[PDB]
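In what follows, one protein chain appears twice in different forms, each by itself as structure tokens: structure 1 and structure 2.
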Structure 1
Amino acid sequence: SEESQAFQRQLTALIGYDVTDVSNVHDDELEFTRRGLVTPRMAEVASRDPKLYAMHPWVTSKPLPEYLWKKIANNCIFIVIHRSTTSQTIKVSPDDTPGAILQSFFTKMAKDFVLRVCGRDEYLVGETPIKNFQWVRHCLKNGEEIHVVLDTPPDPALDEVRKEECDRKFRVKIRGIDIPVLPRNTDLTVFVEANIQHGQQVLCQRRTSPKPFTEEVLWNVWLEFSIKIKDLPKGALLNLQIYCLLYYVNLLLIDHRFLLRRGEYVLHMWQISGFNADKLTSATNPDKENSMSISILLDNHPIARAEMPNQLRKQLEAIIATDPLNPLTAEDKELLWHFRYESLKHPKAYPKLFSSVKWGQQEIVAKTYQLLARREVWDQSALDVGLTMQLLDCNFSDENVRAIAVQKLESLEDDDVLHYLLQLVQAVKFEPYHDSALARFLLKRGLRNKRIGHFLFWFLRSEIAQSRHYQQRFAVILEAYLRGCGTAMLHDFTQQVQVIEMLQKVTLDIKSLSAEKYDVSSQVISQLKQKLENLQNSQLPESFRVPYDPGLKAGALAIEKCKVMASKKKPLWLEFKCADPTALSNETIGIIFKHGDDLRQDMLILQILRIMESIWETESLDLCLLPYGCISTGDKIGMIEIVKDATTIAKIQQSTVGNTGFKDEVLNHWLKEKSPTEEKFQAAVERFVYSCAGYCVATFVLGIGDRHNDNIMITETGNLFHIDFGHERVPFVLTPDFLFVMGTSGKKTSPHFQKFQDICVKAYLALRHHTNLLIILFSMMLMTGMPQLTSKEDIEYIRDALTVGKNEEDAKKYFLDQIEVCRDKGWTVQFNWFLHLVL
């Protein structure tokens, strides 16, 4: 049609990439994926309750943790129900329904509606106990009152979706390679390596002879492998590399239509700088003008009881108990394979088992599927996210093996899907094909829930903007999502994109006019305000949802309170007025806009933090972390949440001690002068003990504990929290100032410091109870998040940190000793933090 052209246009602007582009394609897998994802979408749209979809209730089935019942010490909950100007407080029990509460509301003054959190696009509806609403738990946790307004339900009509309308050995001919520029130092030789991969597992390998590295190198040679065409497993990759390692590129030997690849190919390769998710991409380099390319020719098609002994059983069991990052011996794999039917009764063995399958053998793969048809135990096992995620990493390229993983993710409630959403999305980079069970699962959960949807939107867009390796695949999935999110969602996303797009341009100009010079003169500031003026016109929409806090609406830009931060790069400090008239405080929305930072890395670390908090919750612990909002918008650019009433530990030191000169009492002096009442000061000290322990443990496990004072912040309310995760020593930061606040100094003791040590321990061994989940999240984060990671050393850290193997007593001890090293170090490391990072 005609209106379809314009619609595809808006989507292109929403996605940040034109999915109809074919300038970098060698087949039609993307188009095929755009077609195949139409069904999954339509089915979910037609299946979703238009009333619950519009009001996105945010609930959870988990029990209220012990630390929250402590608040409700009267089996009564207080909810302030506003109206227009007159508010009315109603007492309610933990198991009531917002409807019941609604009715029990007109019973107080009898002389259609729904409860909405004041100043927030959050509703309290549906057949659910009020104790199970996230906002209620949020208020209960932060000792805040529950204020809700009585208004009309959103008109679901606004969510309207727009109507749519051989048994021979395999071989490859390496014709040659060619690259535009060449003039480099040495004149070394060069050769092309060809590997048939599958799950990071190199099945077969061939190489060409070396040759003078010229602008164009030809071989016109057939590389025949010792593997039959019939034996190539679906998902298998033809991995091509150039050594003289400089360039790589991959090609699926089997396409999306179960067909063998064939014909002439000219693939533009990816380079390498000074093992990682990009290494596995089937996409080719879009830069044809300066990129290396390789020519090949594919010329070669359908795709078709004994009880285990006592001693061996003990062996298999040791293997199974082993940590995920522990390598399997040839004998381990034969044991696991030959006794596969026994292995099948141990869900925690699956990864090991499937990584013991000889995928380069048709008969073995064939038996594996027969094995998988004996699911029973797996289908009934209690869902284990750690286990599930492992079957979705780089080590498994089989569609069916991965499918069962997804099958388990299907049980997760919205609340959990949100906890792992970013890692689930990142795992799509491990899928051999564009359209996969994981992609459909994500597409469906997002379409099914506005909150999940909102984030799915930003998370996919984050990759599409900065990842040439996967933006094509991710763009197609984001499109498929936008086409069924609903017109209202589409409107909100448009509002947000326009604002960030406008702020990105503003930050660029401003950033330019000031190198590595910490100044921020009235000149740059003026020119900063000047631009916001223009935007304050018919550009910056009336409002927009805060990307990291979908419930909040940002209004006009309070240009007055806006400025530029001193920081090394050029942060943009903006403040907005809440767009909702029913908001509680006149409080402004603070958001920082930065450029020149690996914001995706911070996103990863913040989600892991939110995950450790949930783990501790399952064990009645509230380490008080503070994983502030952070969304990566483009390459090194994105926005950050500004916590209210917080400064760096450094700036507090700078306040008294002076410029670069470190005192032990400064911190405590600061908290006491910021606390309105002794009661609050004591509560602030208590919050400090908790937040300090949570970050010491959390940061140690993630190996980002050795930090400079300027990257650690604290609220006037006593909440300590690290920031700037974007990539002698110490395990974590526990300096004399932190200790003094706890009432200790110089290897002494105190009621608070002792509390701190026990909490740490209790917390530390709570993360160990989930050693596998953490190892797997840490392992995936590195491959898909940071630049390059060691296929050993790097990942291996988390294992030593999680003291794998030791018992709780040795672990408790191990951690306490780490607490002592910090005690020994005092101000050493901090003072040293001027030099640089290494080791």
Structure 2
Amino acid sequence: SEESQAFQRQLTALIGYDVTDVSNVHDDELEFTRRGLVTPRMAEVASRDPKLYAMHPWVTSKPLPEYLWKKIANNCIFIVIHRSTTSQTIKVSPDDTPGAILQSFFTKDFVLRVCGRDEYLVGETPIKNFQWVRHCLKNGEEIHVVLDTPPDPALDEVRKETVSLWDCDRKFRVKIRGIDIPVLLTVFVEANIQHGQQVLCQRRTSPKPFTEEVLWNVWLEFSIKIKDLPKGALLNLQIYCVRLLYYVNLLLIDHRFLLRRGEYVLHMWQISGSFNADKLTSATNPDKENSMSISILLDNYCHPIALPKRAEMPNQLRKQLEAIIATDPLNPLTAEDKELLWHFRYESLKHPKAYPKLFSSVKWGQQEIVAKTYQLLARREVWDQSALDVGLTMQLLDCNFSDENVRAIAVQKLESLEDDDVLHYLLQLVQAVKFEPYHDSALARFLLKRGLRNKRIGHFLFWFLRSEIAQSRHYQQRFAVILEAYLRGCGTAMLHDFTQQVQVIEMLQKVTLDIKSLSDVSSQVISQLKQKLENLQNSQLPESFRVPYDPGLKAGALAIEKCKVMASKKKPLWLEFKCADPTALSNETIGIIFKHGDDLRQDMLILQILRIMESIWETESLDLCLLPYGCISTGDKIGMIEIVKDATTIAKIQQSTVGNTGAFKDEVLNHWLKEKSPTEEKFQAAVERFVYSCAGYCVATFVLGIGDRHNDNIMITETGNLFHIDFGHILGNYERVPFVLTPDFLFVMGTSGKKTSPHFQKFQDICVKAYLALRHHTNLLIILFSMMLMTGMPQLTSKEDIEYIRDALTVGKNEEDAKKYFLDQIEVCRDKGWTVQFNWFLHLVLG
């Protein structure tokens, strides 16, 4: 085969790493996992309905929220069906099927698409339940359909494809031959057997002089028995001299359940600059010329050794147990707590809330305990039956659980999330893949299934993986094998779509990096920008291409005219495009920023948390009006960002009538708003939208501990909606304010200095509801914030950083104590006025 063999050269193109390579493995686990994934891919490609798949309706079973029924006149939604230019309006009921809006139009074969978008209102679902509709209602807008012909399913077609460990009482051991580094103190090697961040045993070698080569040739006997090693155990090898210098890991029980034996030479990872996820990888360093290396031997018998495969209680105790179950994810367990959870494990099994703590009371270094823990997993009914709790589910998937049966039951719980909910957590489920001991895992397969099943999940899963494959040497192989599996099943139609997007953005990067090397901006630089963008619009670049942060959008021709290079430290591009779709109601460009020099992974994590907060507020009928704009990492330290329309900085609004100073004037923003409002009616709404959006960002920003911001990184729209930007900037550099509530903001609210008003009391009372709303999900947010810090921004691990959020969410405190607490934060804002903002001005503009 060849035509079905040049293919892999395209996949290796889309993936961005050569999955067939072997230059950096010490076993066949990746190969075994690729083979492993073939079955779940074809299972799902065969199992998906061709229609619904090709048109990926975007649907939701959650109730239509209150604040949107009130926006429906009376059981009456208006849709505008476009033919050519012969429009037409219809009175449709919220509970109306989409087809039925054809038994009601073919009365005065075909499918309804959305004007300007790749979105289809298809399938048996009430229109109240299509996201694009809900997006229309929320922003008060006519719903436009183009009414045309189905895409053809046939274009989504995929092209044609021994001794039992439990009989070994010998203490386990490993020989350290020694270490070699090509180029350079006293030095030694530390060997740990870890399971799930739990350390089972430790031994070291004697210290030695640090030279180009250091040999010991010692056996290190561990205090743990061969039969007592759990599946997922890591041998963790480290090098000290006290500071840590190099680490590497090796699974002691391989993907085949074999105790691991023989000679191993492993190139090790360095430490730059408390644990992030890179510390956990089974992947060996690819870079050999440079990397410290270690050489070991594992005993090597014949001799394949395969890992095989309730009463009452007092009352002081029960309440002690209840107090433990309740405590938050980050609150530590004493030995005393653990022995208690374990002894009363059966009474602990009735409370799913308890599972994270129960399965952390387990000594995984003991066969018989693990064996009892598996009996525990067989009596799992209460967990199996209870309503899905994503907060619970994520905790079992973090770095604290290495047993795959514990992790599998969390994944079981996820299988019952509707698509919509999958998109909310997708980014973090993919980061959670870094915590899996093995390349092939239930969570890895599950992400594969849900992608292959829904082009929308699938489009994002593509980019999230490609971002990691592009900037993570620790996990690229594994992510490569998951991407590869996904691409070989998405459909040739998707495959061509992904290829377009890749071709375009790769070009644009080149431009970006190139203009970047010429350096505020010279009109020499402004010149080449326009020039290269003209090159592109030629005989390479395809006509259009899906915008990656918003898959429903096709971008077409650029707008050379409007595109610019901005005056940042780095030189990011400000590009704009035409909607490639003629059926577009408007003619506004699609505006996208391109930047090198920031790791955009971190901004992605924050934005997606923001969407989750907006989703938590919808449960309580709150719309705090955030603008979590699109952001997609596409490669090392580089990617794109969506541009929000009709928006300036708050600092620019000040600099407009004070001119680069700090003489910030309390009345300037409310004057800018009135300045841009055609009616005092629109103006009132922009003031209403301000109060919500600003409150919304005070709470979220405060919980996430990124509320103390420079005035240049807070923006607003000509319509009152306020939003923060550039979250990577405070995260990735690290007198104080909790969030940013400034004299100009308060002034817009009807309060001066130390006063009060109907809008400010509206403000405070949206904050309180908001703040309390999030604390109802204290466990969700604590695990997400913790997993965020671990997989996304190293340096910000330590532990002490991770625990900021417990303080913020005020765990333990009762609502009334908590309500008061936030209001006091607001009051720290009223007190400092322009202080910090002025400080941020001196520092960030004058050093």
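Residues are numbered by position in structure 1's sequence, first residue being 1. What we label the rigid core is the largest C-alpha set whose atoms superpose within 1.5 Å from one form to the other.
Practice task
Select from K51, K806, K792, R35 the only position whose Cα moves 2 Å or more between structure 1 and structure 2 when the core is aligned.
Solution key: Flagged residue: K792.
Handout entry: C-alpha of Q311 off by 2 Å or more between structure 1 and structure 2 on rigid core
Key = Where the cores coincide, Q311 still shows a C-alpha shift between structure 1 and structure 2 that is 2 Å or more.
Handout entry: Rigid-core-fitted C-alpha displacement of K636 between structure 1 and structure 2 (angstrom)
Key = Here the C-alpha difference is 1.1 Å.
Problem - Distance the CA of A73 travels between structure 1 and structure 2 [rigid core superposed, Å] - result: With the rigid core fitted, the alpha carbon of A73 is displaced 3.1 Å between structure 1 and structure 2.
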